[PDB]
Amino acid sequence: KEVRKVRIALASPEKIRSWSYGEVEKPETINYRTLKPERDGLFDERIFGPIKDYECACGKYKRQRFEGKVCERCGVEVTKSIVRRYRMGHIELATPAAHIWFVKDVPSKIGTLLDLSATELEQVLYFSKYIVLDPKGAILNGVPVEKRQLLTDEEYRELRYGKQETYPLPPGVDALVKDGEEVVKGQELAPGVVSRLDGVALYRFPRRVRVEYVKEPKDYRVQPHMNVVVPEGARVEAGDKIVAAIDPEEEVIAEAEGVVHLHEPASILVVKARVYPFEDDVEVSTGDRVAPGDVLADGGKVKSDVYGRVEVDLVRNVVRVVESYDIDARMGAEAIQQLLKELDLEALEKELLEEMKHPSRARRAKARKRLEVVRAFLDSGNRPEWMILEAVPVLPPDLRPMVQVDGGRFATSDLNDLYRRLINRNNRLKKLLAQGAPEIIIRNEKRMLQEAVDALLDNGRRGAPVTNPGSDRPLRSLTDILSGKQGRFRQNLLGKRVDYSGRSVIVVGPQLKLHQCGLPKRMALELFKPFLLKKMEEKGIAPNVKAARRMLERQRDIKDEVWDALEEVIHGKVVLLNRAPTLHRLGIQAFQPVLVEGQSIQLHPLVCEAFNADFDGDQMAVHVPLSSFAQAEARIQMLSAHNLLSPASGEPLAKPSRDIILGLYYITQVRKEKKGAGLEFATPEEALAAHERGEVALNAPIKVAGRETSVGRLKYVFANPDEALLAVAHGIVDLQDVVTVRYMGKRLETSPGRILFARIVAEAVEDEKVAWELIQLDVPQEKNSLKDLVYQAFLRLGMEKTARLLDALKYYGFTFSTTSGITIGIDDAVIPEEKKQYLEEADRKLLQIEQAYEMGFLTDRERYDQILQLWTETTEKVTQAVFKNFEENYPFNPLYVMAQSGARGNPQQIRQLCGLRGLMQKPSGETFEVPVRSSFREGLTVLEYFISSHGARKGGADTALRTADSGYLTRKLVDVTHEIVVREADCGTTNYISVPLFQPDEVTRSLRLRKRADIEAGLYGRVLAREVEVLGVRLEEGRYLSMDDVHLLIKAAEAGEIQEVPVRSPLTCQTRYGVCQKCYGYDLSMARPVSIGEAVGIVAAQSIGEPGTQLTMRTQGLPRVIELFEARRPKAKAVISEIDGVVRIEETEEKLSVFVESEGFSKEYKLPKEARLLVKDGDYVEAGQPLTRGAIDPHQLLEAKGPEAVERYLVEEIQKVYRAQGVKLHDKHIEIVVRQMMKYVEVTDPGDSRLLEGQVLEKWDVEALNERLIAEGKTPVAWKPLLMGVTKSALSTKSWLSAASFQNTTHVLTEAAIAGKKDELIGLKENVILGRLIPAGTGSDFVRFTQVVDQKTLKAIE
Amino acid sequence: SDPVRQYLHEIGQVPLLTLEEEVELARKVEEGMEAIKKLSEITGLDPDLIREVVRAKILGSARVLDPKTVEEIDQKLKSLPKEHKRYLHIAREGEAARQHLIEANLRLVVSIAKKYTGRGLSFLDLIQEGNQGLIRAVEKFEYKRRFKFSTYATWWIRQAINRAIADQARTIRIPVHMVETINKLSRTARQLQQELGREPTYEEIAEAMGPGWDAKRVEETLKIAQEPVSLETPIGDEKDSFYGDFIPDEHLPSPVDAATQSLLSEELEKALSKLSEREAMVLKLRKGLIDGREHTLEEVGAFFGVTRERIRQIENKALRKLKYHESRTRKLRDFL
Amino acid sequence: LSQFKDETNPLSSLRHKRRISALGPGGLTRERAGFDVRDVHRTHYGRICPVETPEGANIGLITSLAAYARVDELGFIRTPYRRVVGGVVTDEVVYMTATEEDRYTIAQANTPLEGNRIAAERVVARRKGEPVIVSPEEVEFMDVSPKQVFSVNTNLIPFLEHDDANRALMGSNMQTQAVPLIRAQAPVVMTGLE
DNA sequence: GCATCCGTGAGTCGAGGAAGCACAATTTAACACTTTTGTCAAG
DNA sequence: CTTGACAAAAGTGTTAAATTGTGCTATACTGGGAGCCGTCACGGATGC
Ligand SMILES: [Mg+2]
Ligand SMILES: [Mg+2]
Ligand SMILES: [Zn+2]
Ligand SMILES: [Zn+2]
């Protein structure tokens, strides 16, 4: 069937063994000599499959006829060799090993279920402390031992083996205590040493034995290689041995009957034990464990009286029971696994639910967190003990290859080393266990085995990272493979390298149409090679495809008919051009290739702005969509000539630019003369007569009788534009001369340049009447006027005619800028005569300040501020003088024309060239007192150049560190809003937002109309929620607002007829997993209602983040946007009133207090002394209204006013940053992101539901749950609105695939696996990962199933 | 958090043995082993089986043959008379002594193992392999010879560590005899390098190695001793490029190779259409175009009931016709 | 720090040997370096070129030694200054470090001189990096030349005083990338270091 | 409530690629002899 | 449709070298070594 869901869960040891095709028992990879895989190794063919198709290791079966057969000689299955990428093996661990993900991922899932701290879990897991599983009646320091109690190594040994101590006696001295005498704590054993515990004292090594014969204190010396074989005070008959020896010559025997006495002990062993003498055979042996009442010896005569370990001493023929308990305490994952197997999840849930009623909030919070893990395990069907590994899966060998490079060297992955270590340590542990090694050796080996599993799963998470010997590079583990920017998700799933792709340098193609590009022939031959081979085969160029391919291999074998066939192949098709970084969707555009000679791609000038491409060495990528769907999508949706408006703002994005503006501005600007300039006459004949006498200029403004005209408007009156331009061709008049022309029945007074521009627009749109209505004739054509022309043409005519008009504007702008004569010279940077006067005034005022400062009238800080204000004022005056000089004397100056027309430059840059450089800032931030008084035309001095270099470096470093923040912000926005798609025509909601038209200004303390751009960015292309009647015009409900409607609404506001406009917005949309058509509005890229199936969430993220680099970085700029989108609490937060009432200031010398007084309530706010209060006594403040200047905490506002207020605050405060920078961005895109920020709620009262108080879930889910509970008459769930940042909102999404691929991959996957989460593949990232068709655009169910059929077939079916 | 410090602290809790303690523990192990041998001979059981039961009882229930047979054998041993239960008691004391003797010499192996670091195995891996040699030393140590334990244990600890390096220090395992050859070859090159004041050539190395060695063998041995290079080694200062990004996969067929194989199959099928119904079947069976594997004249002969001689004649005739048709069309020469 | 030699043209190899890198084993990290290490400190005057640096992620992290600067035995960069005593500029040149430079009032190389006597009544000077105006008798040292502030590449840009620093950075960096030509010819306007 | 610590995150393309030894057990290279095609005349 | 004759060609049985795996050294040795180092931000985590 079709994959619809992807589920993740824990794997049991049984499931891991079911996956595996065999156990990997050896760390061997391949044979060093034959290079064949080793049996039972990491690359075994009997486990993972054959190396080559249908061939066993022994080479007995070598063909597909024996498919699915296993050779009896070698055991290798005869099948395809690609199964080696899919077949897994496993390692059977000698001891259980915990999964590091469920241990070190805070808070630990193992620790939460078992109620163990992180430190306690590590101590048990890594064999530092024991944990009690069956106390067996053990008593520790007088207190009974209880289950789940942690024991250290010393405490465990005392309980398990008892207390004993050895005291070394000095040589020669004799012990004062006999062998087998009970001693007490502090008693002296020898003359020089004292015991520290009470117990039996035993001689360890008696250095001398003193036997007493009966007839005789004969003595015998005992040596380290001799051992006494008889007890103290034993009657030894003549002949019985006394001291044993290696050499029988030195062995000591007894001459006659006597008693043996032991003396001179090497050391005294004091052990807390009970001594039981016996006579017959003992029923127990050394090492056994006994309890009270157990028989010991003599057939029930001797019985144990206390628990402990029993040892038989044949020398002293007594039975010693060392007081100890058979306690059950274990370390490692085997102890943890036993605890997790014994948990009763049902009983644990009941206790946690009972504790959920505790009054304390911390107790309820802790119980809820434990219960959430318990609920996850209960619902998913997983078992808690599955978190400890008993079998380790082994990756297929083709995913961890050992490949031989062309040079014969072998290259292998780091996983093979990690697997080898685990196998080496596992095998060694088995050997040590089989040899009965001591506990210390076994414990160290088990600890190493646990660490080997940790390194394989996640290297470097706990302890020192594991590195390959001979280097300090950490080995790449499974966790590192799937996580990070270089992990599997971001490097191979969310993005890939593709076939049929090229790259080359771009150059400008001015001759191209808007939909065309210049593709090199040699790139096109390689890109379209499979299509070309078919075409060559079709014609006589080659007999077949393989012969055709050989022809293209050698360059000198390519004939001239191949290029003709390639021309036929590409006819109609398009390619995708892409320039990195792809900030927005206009970074990829489809063009119809034009084969060109050369090696560089030709790019249309009008698309450079969208690509952000210049021609100083940029490169672009070329992609070839292959199928009819891929071609249809590119030709219809992605074509450059179809995307003319900006998706972010709706303004034109393919519009006249630098040189085009300059050429069109030059011809549409008129001349101003000064020769006559004011003379008055009586008749026009006198006016012209003065002109031939040289008294008045052609364009000098004069007055003929009463009206103000010029000589040109009287002398030259043309019957039609053709006659006017014919006169220009003959040199009679210039394009910039103002004359009289008869156009469209009207006697116009314009220049031939402006009449020419009207014809340019008229012929491009092929409509003289409409083109006359589109242009502004009486002004020079700057950037903004041309932008308005393109937008109006798009509204009235469409993409096809606007694209034609854009090409016509490009052609004439390029033509006229070439012949106009724009050039830059050193004298074009005109120095005003006012600069010298201004600097002299600055010197005198500065000298005046210095004299005042010497007189003591002002301090250093105010002196420094006064100096800065003087130079800031002087800098502003020079800027005005620079531009006034241009507009009066040199209106056609190249620097002035470029700045005025919008072609290049701003007044700040022009001032530095012609005025003064200005003030400069130190690296610390302070400004130098002395400014740079010289411009770039005059030349800076060496010191001034160095001073200016501090700012240049600071801006350069600021830009570098700003791209990373802006790019990372965009990725956050994409990942939080990727699942938002326009999914229906109308959601049926009646809620809306009221977009204000007036802003509450505080400096005047009155309402003032907002800027037109602000209202346009909030109202354009929006559906009216309610009918509005303004200025006699009825805007009905459900009407999309165009720019004319917005302008009408602004005009009505200026007349005091409307204060706010109710519109449908994404904030109030009720559509699940997206928005509806009537709540979004227009597709701003098309100025028409948004089509169902558009990925508006991606468009919103790209629109916001694209101008992120333009935002200043230096609570302002990009940092302000980031904290607003993350809902962070500002450091210098403002103070807002929790309740509404009257303010009462109690300012005093000690402290400052603000009282919000109501009928019965009185809230006290203790403001700091340096608080810039914006409210004075006698003001009625409301809930959430600011009391201090600063940034409002979004979370405080949400709890004080509500969800609507914080949404309005977030949208407005983000838009403020973009407006201050001149970036135009619609409010829809910000509202889409904020809607995702406010997507979750928190439970306060569960009601008749299973939800827990404080549980965080989605608002849609609780609302659906609430209405269901009401349906069957049940208490609803009481919830509380919650605000979270984009990062937290994205990581708490319902799909684990999209969340895992974003950030916190280990944390996202560990929670998803335990809950058994099932991913429904709703958004865009999940479908991209699986390679499916995204549920947006042409992959959306609204349009995906459309059928096309012609009439004749339709009747045949009917 | 530091495994080495944790291990060193743990082995520091067992005091070192004096000479008298060392001899007593060593004597008890020897006497216990002899007691086990006598018990097996008297009871007729396998000496290995009895030793495991004795070891199991001493180690206690804290260790994971099922426990029911351990208890059954333990009861059988205890049911013996007093003269035989003495050997069981001696066996138990000997096994306890062996555990202590191993536990008190864990400092010795660490002192030995610290000199083998940097040869492919980590410090703790060297210690655990050294512990395996220490266990072997205790088994074979004889206190009758009056030599100290550290004298005889040092041989086994170094042997165990050295063998483990020879077995576990390379991803592609090289046998011990070949590892010793590589080590000797490296030493000889180093000696000549410091004596000639330059890197020796393969001829100087081969001459110094001795008889049976020529420059070709030295080059082959050096080629064998080449460690594989990691697929994740970065290249450049930027950490965004690795070796694996520059190694093509040459196992799976390319799209061009798959296409020409299908084109050849389609063209060959069309060429075989001109042949007779039976002539086409014979060639497709003899060339393995049907079952995948080539058949023979007899095997195809059994399929059709015809003898071997006829088939080679008709196949030669059918092959000649295909040559004629291909000559008249030349639609099949490009795929060759 | 052991880098493949850049030898597109002779200036490429000359520049590579005079480059100073804050990265490498024992230095900063490309993404762990703040604005402070990347800024032009006031003591860079005469020792590290203020303009020549790689635009991008390594801006301020890779720098060039100034033309007259030299590294002393202890590793501290020194720059030469002419001794001025009694208002006359002597030919005694003193190479001194930044900490030693902070103790004196150092004039500018463009100070007018009537022979060796300072002619201007108002002298532009530096005191601990701050520009000041002093009298001839308060001057203790003088700059050798304007060239000591910039590197070799930047000293090859004529009319540098008329160029913005952001574009002079591009100019000096691009001179390293110029390829040798079979008909290569020296510039019509030169600075004197060719 | 609060320092303190631990963990996780920080733009895109491109271009750069240090024992030896003895002995046993196992595998492998060479032959030597059959058994089986492959290829001829004979029809 | 064969029928015998031959001639390589793949299969089988010994057979020895060649390679590979494992055990063993007896004066006395008894707790490692490189880490050393210029961000800053958040969320969270017991702890107190
Ligand atoms: Mg560029
Ligand atoms: Mg006239
Ligand atoms: Zn096989
Ligand atoms: Zn809606």
Side-chain angles (χ1 to χ4, degrees), chain A residues 33 104-107 117-119 405 461 464 484-485 503 578-583 587 619-621 961-971 1105 1108-1109 1126 1128 1285 1287-1288 1303-1304 1306-1307, chain B residues 2 4-5 7-12 16-17 104-119 123 136 140-142 145-156 158-159 162-163 165 175-178 180 183-184 186-187 190 233 235-238 241-243 245-247 296-298 305-310 312, chain C residues 4 22 26-29 31-34 36-37 57:
Chain A
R33 188 180 68 182
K104 298 301 305 300
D105 182 74
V106 286
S117 179
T119 78
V405 304
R461 186 66 176 84
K485 175 154 51 181
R503 176 180 216 91
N578 163 250
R579 193 212 160 251
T582 314
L583 294 180
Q619 296 188 248
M620 270 207 206
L961 303 196
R962 183 173 40 190
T963 49
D965 302 5
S966 171
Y968 177 51
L969 173 57
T970 299
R971 187 157 180 286
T1109 303
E1126 291 281 5
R1128 286 172 183 169
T1287 303
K1288 184 172 174 64
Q1303 270 179 190
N1304 281 78
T1306 301
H1307 184 79
Chain B
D2 198 0
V4 178
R5 185 181 296 276
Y7 185 64
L8 293 182
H9 173 266
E10 289 172 359
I11 74 178
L16 285 166
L17 288 178
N105 296 271
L106 298 187
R107 297 171 165 115
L108 180 58
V109 60
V110 174
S111 77
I112 292 181
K114 70 177 177 183
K115 296 184 286 184
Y116 284 81
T117 67
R119 301 176 55 167
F123 185 40
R136 186 89 200 102
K140 290 178 69 68
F141 180 80
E142 300 185 337
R145 306 196 187 184
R146 286 189 170 85
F147 297 114
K148 297 220 62 180
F149 180 77
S150 179
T151 299
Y152 186 68
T154 305
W155 282 104
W156 280 106
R158 296 197 314 238
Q159 178 270 331
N162 193 4
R163 195 77 83 186
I165 293 182
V176 175
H177 74 90
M178 199 66 222
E180 302 176 349
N183 294 333
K184 172 172 207 274
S186 295
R187 293 191 308 99
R190 188 175 71 238
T233 50
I235 50 179
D237 290 358
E238 300 181 358
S241 183
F242 301 97
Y243 280 10
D245 303 355
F246 301 82
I247 304 184
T296 183
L297 276 67
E298 190 272 330
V306 189
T307 49
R308 300 162 67 246
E309 166 64 7
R310 175 59 171 175
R312 62 171 288 274
Chain C
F4 206 53
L28 297 156
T29 304
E31 293 85 3
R32 309 284 77 77
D36 292 331
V37 299

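Quick note: numbers below take in every heavy atom, side chains included, and nothing from hydrogens, waters or symmetry partners. Naming: A, B, ... by sequence-line order, numbering from 1 per chain.
Interatomic distance, CZ of B:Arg310 versus CG of B:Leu297, reported as 12.5 Å (0.5 Å rounding). Of the inter-residue distances, the one linking A:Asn578 atom CG with A:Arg503 atom CZ reads 7.5 Å to the nearest 0.5 angstrom.
With rounding to whole Å, A:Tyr968 atom OH is found 12 Å from E:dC42 atom P. Distance, B:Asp245 CG to D:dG14 P: 11 Å, rounded to whole Å. One atom, CZ of C:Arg32, and another, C1' of D:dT8, lie 12 Å apart when rounded to the nearest Å. The distance between atom CD of A:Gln1303 and atom P of D:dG11, rounded to the nearest whole Å, is 11 Å. One atom, CZ of B:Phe141, and another, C1' of E:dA28, lie 12 Å apart when rounded to the nearest Å. Atoms CG (B:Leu16) and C1' (E:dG31) sit 10 Å apart, rounded to a whole Å. D:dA19 atom P lies 6 Å from atom CZ of B:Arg119, rounded to whole Å. What separates NZ of B:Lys115 from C1' of E:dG33 is a distance of 16 Å, to the nearest Å.
Taking only distance into account, the side chain of B:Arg145 meets the base of E:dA26 through a donor-acceptor pair shorter than 3.5 Å. Judged by atom type and distance alone, B:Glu309 does not reach the base of E:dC1 through any side-chain donor-acceptor pair under 3.5 Å. For B:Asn162 and D:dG20, a side-chain-to-base donor-acceptor distance below 3.5 Å is absent, hydrogens and geometry of angles not being considered. Remark: the B:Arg5 side chain and the E:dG31 base include no donor-acceptor N/O pair separated by less than 3.5 Å.
Not one side-chain nitrogen or oxygen of A:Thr963 sits closer than 4.0 Å to the OP1 or OP2 atom of D:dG11. Between A:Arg461 and D:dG7 there is a side-chain polar atom (N or O) within less than 4.0 angstrom of OP1 or OP2. Using a 4.0 Å cut-off, some side-chain N or O of B:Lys140 falls inside it from OP1 or OP2 of E:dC24. Using a 4.0 Å cut-off, no side-chain N or O of A:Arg33 falls inside it from OP1 or OP2 of E:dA18.
Checking B:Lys140, B:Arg145, B:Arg146 one by one against B:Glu142, the side chain to side chain contact (heavy atoms under 4.5 Å, CB included) holds for a single residue, B:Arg145.
Distances from the side chain of B:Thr307 to the nucleotides D:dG7, D:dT39, E:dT2 place E:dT2 closest.
Under the 3.5 Å distance criterion, the side-chain polar atoms of A:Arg579 are left unmatched by any main-chain donor or acceptor of A:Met620.
Taking the P atoms as reference points, E:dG35 lies 32 Å from D:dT12, given to the whole Å.
Each of B:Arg146 and B:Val306 lies near DNA chain E, and the nucleotide nearest B:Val306 is the one positioned closer to the 5' end. Mapping C:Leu28 and B:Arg136 onto DNA chain E by nearest heavy atom places B:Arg136 at the nucleotide closer to the 5' end.
With centroids closer than 5.5 Å and planes inclined by less than 30 degrees as the test, B:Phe246 and the base of D:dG17 fail to qualify as a stacked pair.
Base orientation of D:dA15: anti, the glycosidic angle falling outside 90° of 0.
In this structure, the ring of B:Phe147 has its center no less than 6.0 angstrom from the ring center of B:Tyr152.
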Can B:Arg119 and B:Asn162 be said to form a side-chain contact (heavy atoms from CB on, under 4.5 Å), step by step? CA-CA 10 Å; B:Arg119 301 176 55 167; B:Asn162 193 4; 4.0 Å; yes
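Adjacent in the strand, E:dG31 and E:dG32 do not form a stacked pair, their six-membered rings missing the 5.5 Å centre or the 30 degree orientation threshold.
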